[PDB]
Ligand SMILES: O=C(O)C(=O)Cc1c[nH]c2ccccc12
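To begin, one chain is listed below as C-alpha cells, in the form solved without the ligand.
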C-alpha cells in the first residue's frame, strides 16, 4: 500500500501535499493550507508560474471563507466554494479576508 505521511513538504517556501514526483509521477502538484491563521496577514507577494495554477477555496459550510485574488492588476473577491484558473505567465497572489477554522485554499499546479 503506498501511503505518504511525511507532509507537507516545503518547496520554494510553500507547503506541498502532492508533488510531481510522488507515486511514480503526478500530472499536478498541490499546495496550500488552513486559512484561519492567514486572516491576519496584511500583504501578499505577486508571483508567476510556468504552468497554470488552480486556486481551490473551500470551507466546512459554503460562504465561510473569502479571499481576494489579485490577477494582473485586477482584484477579484471569491467566496467558498470557488475554483479559479490562473494562466501560466500571469502575475497573481491572494489575500484572505475572512475564514472559519478549517477553511482552506489550495494551489494546484497543472502539468
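Numbering follows the first chain given and starts at 1. The term rigid core refers to the maximal set of C-alpha atoms that superpose within 1.5 Å between the two forms. Shifts are known only where both forms have a C-alpha.
If you look for the form solved in complex with the ligand, you will not find it shown, but the lines that follow are about it.
- The binding site of this unliganded chain is open: after the ligand is superimposed from its pose in the bound PDB entry, not a single one of its atoms comes within 2.4 Å of the backbone or a C-beta atom.
- At a distance of at most 4.5 angstroms from the ligand in the bound PDB entry, all three residues 14, 32 and 105 contribute at least one non-hydrogen atom.
- The contact with the ligand in the bound PDB entry, taken as any heavy atom within 4.5 Å, belongs to 38 out of 51, 78, 71, 38.
- After superposition on the rigid core, the sole stretch of at least three consecutive residues with Cα shifts of 2 Å or more between the shown form and the other one is 42-44.
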